[PDB]
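Here's the structure, in structure tokens; my notes come after.
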Amino acid sequence: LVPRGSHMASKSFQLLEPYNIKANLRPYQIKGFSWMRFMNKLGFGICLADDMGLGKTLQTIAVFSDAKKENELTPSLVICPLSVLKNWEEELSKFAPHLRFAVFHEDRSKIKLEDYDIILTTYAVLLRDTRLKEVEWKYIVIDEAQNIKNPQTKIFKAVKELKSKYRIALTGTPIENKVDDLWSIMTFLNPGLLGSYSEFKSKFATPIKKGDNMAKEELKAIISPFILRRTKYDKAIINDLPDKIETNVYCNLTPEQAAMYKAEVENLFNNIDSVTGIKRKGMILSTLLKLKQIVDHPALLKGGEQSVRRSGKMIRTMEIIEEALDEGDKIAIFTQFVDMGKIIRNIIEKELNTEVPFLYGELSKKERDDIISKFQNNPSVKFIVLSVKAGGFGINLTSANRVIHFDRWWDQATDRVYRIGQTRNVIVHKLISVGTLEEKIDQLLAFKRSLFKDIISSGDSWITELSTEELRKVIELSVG
Ligand SMILES: [Hg+2]
Ligand SMILES: [Hg+2]
Ligand SMILES: [Hg+2]
């Protein structure tokens, strides 16, 4: 699983000490954190391509904080895809609270950019503006997260036309395909370095892709000092990492889904005041189980076209699913509903020409076996979707490097049974749908749970004991 990018420095250099940062950055992070800072002060821009799940953002936060204790942060810009925008806020506010940030959506409006340490924004939110160009930002981070695939375009011309003093770029894996993107990013980070696009492709792209281990090695050589990339499989790193890393993957609902949600929300209320008793615990639990399906995929209700475009989960899943693939992982996707499972299998199975053994309850032991066997042994099989309700018939998922909870998991006994993260470290993803019971319940639980952990049981159940006042708080869609 070779895919590690070097940049000499692991013997000395300024192993900076994270500043006001609530966390114990594994050694490999304190380094990256520092290396970036180093190259930044030196005046070079760099790309951090560590496998998704090793927290390039935390390191980037540190890079941000250490540039605070030096009067080189206020103001900095971070251009991330809507999706990750939550992850960012999630982490600044938490890890580096002492750092002022603010999202920058549509129209100009109230500007205090210069007064804010960092400001968040989307590529699009750039493509149509001016407000920012005026600003002279210290840092300018381009977070090309696992976002779809086409990142380049007139967008870079916009970015690559701003005013920074420091430049970082968080990305997936320098895939030999990314070549043409490599020019765009390297340029952004270090302008001129590669010349012109025309020039680039001409002597690098067309040849390398056309099989030229010559210009290939060369290009690698020339950029080597500006790209740092650690691998979840790097022996040196397998160690510093926990058995399981937990990440929250956010997704935003399509306007269809959004509609179906608000609707299906009003329909439980405009028909609840009346009913009551266990004829409310059944009614509520019914709505919930529809909202959950809406977010998963509306084709689950309106029937119809089972496409990626109709589901925000599916879109995000697809991105995440894809980077993990490039990082050479083996993914396991779990879904509450059997049909969402088939949809997932289909979409993936089709869109990537590859088998996606699907495992669900009703299925002879032989199959569950042959399927899980197919996923375990066969290195060709890289996915497995599972829709199981039982405690754990007989699921052996030790081969999984990554796991996605398509449906909100509301467990250790479960992970143990399925053998997740037993004989390999494993990264686990929880899909969250912004402005949804999926998000709010995620909130109320971490509230205390000193009354919810020992007492109350599984997620679905109790959500119904909620008295209208808060039920209308938790489930009510929330988009400002
Ligand atoms: Hg790169
Ligand atoms: Hg963003
Ligand atoms: Hg979603």
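Ordering of the structure tokens sets the chain letters (A, B, ...); residue numbers start at 1 within each chain; ligands are numbered from 1 in the order shown.
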
Return as a Markdown table the residues of stretch 262-340 of chain A lying at most 10 Å from stretch 349-372 of chain A, together with the closest atom-to-atom pair for each and the distance in Å to one decimal, counting only C-alpha atoms, with rows in chain order and ascending residue number.
```
| residue | atom | partner | partner_atom | distance |
| --- | --- | --- | --- | --- |
| A:308 | CA | A:351 | CA | 9.6 |
| A:318 | CA | A:351 | CA | 9.4 |
| A:322 | CA | A:352 | CA | 9.2 |
| A:331 | CA | A:356 | CA | 10.0 |
| A:332 | CA | A:356 | CA | 9.6 |
| A:333 | CA | A:358 | CA | 9.5 |
| A:334 | CA | A:359 | CA | 9.5 |
| A:335 | CA | A:360 | CA | 9.7 |
| A:337 | CA | A:360 | CA | 9.4 |
| A:338 | CA | A:360 | CA | 6.7 |
| A:339 | CA | A:360 | CA | 9.9 |
```

I need the chosen residues saved as a tab-separated table (two decimals), in the first residue's frame, with C-alpha atoms.
```tsv
chain	number	residue	atom	x	y	z
A	308	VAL	CA	-26.60	9.82	-6.07
A	318	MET	CA	-19.56	8.82	-2.55
A	322	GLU	CA	-13.75	7.43	-3.14
A	331	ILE	CA	-14.71	-0.01	3.47
A	332	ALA	CA	-17.74	-1.37	5.31
A	333	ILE	CA	-21.03	0.55	5.10
A	334	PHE	CA	-23.81	-0.13	7.59
A	335	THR	CA	-27.42	0.94	7.06
A	337	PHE	CA	-32.75	-0.11	6.23
A	338	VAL	CA	-32.35	-3.07	3.85
A	339	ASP	CA	-33.51	-1.11	0.79
```

What are the closest atom pairs, with distances in Å to one decimal, for all residues of stretch 41-95 of chain A lying within 10 Å of stretch 173-180 of chain A? Consider only C-alpha atoms, order rows by chain and residue number, and present the result as CSV.
```
residue,atom,partner,partner_atom,distance
A:47,CA,A:174,CA,9.8
A:48,CA,A:173,CA,9.4
A:49,CA,A:173,CA,5.8
A:50,CA,A:173,CA,7.5
A:51,CA,A:173,CA,7.2
A:52,CA,A:173,CA,9.2
```

Given the selection you just returned, output its residues as a file containing C-alpha atoms, formatted as an mmCIF file, in the first residue's frame.
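Saved to selection_14.cif:
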```cif
data_model
loop_
_atom_site.group_PDB
_atom_site.id
_atom_site.type_symbol
_atom_site.label_atom_id
_atom_site.label_comp_id
_atom_site.auth_asym_id
_atom_site.auth_seq_id
_atom_site.Cartn_x
_atom_site.Cartn_y
_atom_site.Cartn_z
ATOM 1 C CA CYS A 47 0.211 20.630 0.496
ATOM 2 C CA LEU A 48 -0.707 18.297 3.342
ATOM 3 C CA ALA A 49 -2.007 15.012 1.917
ATOM 4 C CA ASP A 50 -2.317 12.698 4.912
ATOM 5 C CA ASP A 51 -4.872 9.916 4.553
ATOM 6 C CA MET A 52 -8.336 11.133 5.475
#
```

Name the closest residue to residue A:150 among the candidates A:319, A:291, A:227, A:279; distances are taken between atoms, counting only C-alpha atoms.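 Going through A:319, A:291, A:227, A:279 one by one, the smallest distance to residue A:150 is for A:319.
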
Find the residues around residue A:220 up to 12 Å (only C-alpha atoms counted), leave out those fewer than 3 positions away in its own chain, and share them as a list in words.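 Here the answer would be residues 5, 6, 7, 174, 175, 176, 179, 182, 183, 186, 194, 204, 208, 213, 214, 215, 216, 217, 223, 224, 225, 226 and 227 of chain A.
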
Env. residues ligand 3 / 12 Å / only C-alpha atoms and all ligand atoms / as JSON, numbers by chain: {"A": [83, 249, 250, 251, 252, 253, 254, 255, 256, 257, 258, 261, 291, 292, 293, 294, 295, 296, 297, 298, 308, 309, 310, 311, 312, 313, 314, 315, 316, 317, 406, 407, 408, 430, 431, 432, 433, 434, 435, 436, 437, 438, 439, 477]}

Using the selection just defined, write its residues with C-alpha atoms as an mmCIF file, in the first residue's frame.
```cif
data_model
loop_
_atom_site.group_PDB
_atom_site.id
_atom_site.type_symbol
_atom_site.label_atom_id
_atom_site.label_comp_id
_atom_site.auth_asym_id
_atom_site.auth_seq_id
_atom_site.Cartn_x
_atom_site.Cartn_y
_atom_site.Cartn_z
ATOM 1 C CA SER A 83 -19.714 19.733 3.703
ATOM 2 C CA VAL A 249 -19.173 13.361 8.239
ATOM 3 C CA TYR A 250 -21.677 16.073 7.522
ATOM 4 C CA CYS A 251 -23.899 16.317 4.482
ATOM 5 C CA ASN A 252 -26.470 18.891 3.458
ATOM 6 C CA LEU A 253 -29.955 17.800 2.278
ATOM 7 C CA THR A 254 -30.977 18.253 -1.368
ATOM 8 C CA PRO A 255 -33.844 20.661 -1.836
ATOM 9 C CA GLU A 256 -36.105 17.651 -2.491
ATOM 10 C CA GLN A 257 -35.127 15.904 0.746
ATOM 11 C CA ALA A 258 -35.348 19.227 2.536
ATOM 12 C CA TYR A 261 -38.491 16.636 5.709
ATOM 13 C CA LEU A 291 -37.139 11.329 8.305
ATOM 14 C CA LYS A 292 -34.286 8.872 8.661
ATOM 15 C CA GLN A 293 -35.263 7.395 5.329
ATOM 16 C CA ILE A 294 -35.670 10.773 3.673
ATOM 17 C CA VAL A 295 -32.130 11.774 4.577
ATOM 18 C CA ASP A 296 -30.832 8.387 3.447
ATOM 19 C CA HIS A 297 -32.609 8.611 0.104
ATOM 20 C CA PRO A 298 -36.112 9.766 -0.829
ATOM 21 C CA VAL A 308 -26.597 9.817 -6.066
ATOM 22 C CA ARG A 309 -27.929 13.255 -6.932
ATOM 23 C CA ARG A 310 -31.116 12.807 -4.895
ATOM 24 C CA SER A 311 -29.338 12.210 -1.551
ATOM 25 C CA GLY A 312 -26.867 14.322 0.405
ATOM 26 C CA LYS A 313 -25.705 11.268 2.359
ATOM 27 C CA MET A 314 -25.143 9.453 -0.888
ATOM 28 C CA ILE A 315 -23.211 12.395 -2.334
ATOM 29 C CA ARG A 316 -20.913 12.648 0.710
ATOM 30 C CA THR A 317 -20.668 8.921 1.060
ATOM 31 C CA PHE A 406 -24.794 5.590 6.949
ATOM 32 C CA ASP A 407 -27.489 5.611 9.608
ATOM 33 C CA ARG A 408 -27.102 7.353 12.935
ATOM 34 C CA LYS A 430 -20.753 8.713 11.220
ATOM 35 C CA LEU A 431 -22.883 10.487 8.617
ATOM 36 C CA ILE A 432 -24.714 13.495 9.963
ATOM 37 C CA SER A 433 -27.309 15.473 8.092
ATOM 38 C CA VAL A 434 -26.992 19.139 9.033
ATOM 39 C CA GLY A 435 -30.091 20.667 10.611
ATOM 40 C CA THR A 436 -31.706 17.358 11.421
ATOM 41 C CA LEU A 437 -32.711 15.170 14.327
ATOM 42 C CA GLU A 438 -29.493 13.469 13.226
ATOM 43 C CA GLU A 439 -27.547 16.503 14.385
ATOM 44 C CA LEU A 477 -35.523 20.774 10.438
#
```

How close does each residue of chain A get to ligand 2, giving the shortest atom pair and distance in Å to one decimal for every residue with an atom at most 6 Å away, counting only C-alpha atoms and all ligand atoms, sorted by chain and residue number, as JSON lines?
```
{"residue": "A:79", "atom": "CA", "partner": "ligand 2", "partner_atom_place_in_ligand_line": "1 (Hg)", "distance": 5.5}
{"residue": "A:80", "atom": "CA", "partner": "ligand 2", "partner_atom_place_in_ligand_line": "1 (Hg)", "distance": 3.7}
{"residue": "A:81", "atom": "CA", "partner": "ligand 2", "partner_atom_place_in_ligand_line": "1 (Hg)", "distance": 4.6}
{"residue": "A:82", "atom": "CA", "partner": "ligand 2", "partner_atom_place_in_ligand_line": "1 (Hg)", "distance": 4.5}
{"residue": "A:85", "atom": "CA", "partner": "ligand 2", "partner_atom_place_in_ligand_line": "1 (Hg)", "distance": 4.0}
{"residue": "A:120", "atom": "CA", "partner": "ligand 2", "partner_atom_place_in_ligand_line": "1 (Hg)", "distance": 5.2}
{"residue": "A:121", "atom": "CA", "partner": "ligand 2", "partner_atom_place_in_ligand_line": "1 (Hg)", "distance": 4.1}
{"residue": "A:122", "atom": "CA", "partner": "ligand 2", "partner_atom_place_in_ligand_line": "1 (Hg)", "distance": 4.6}
```
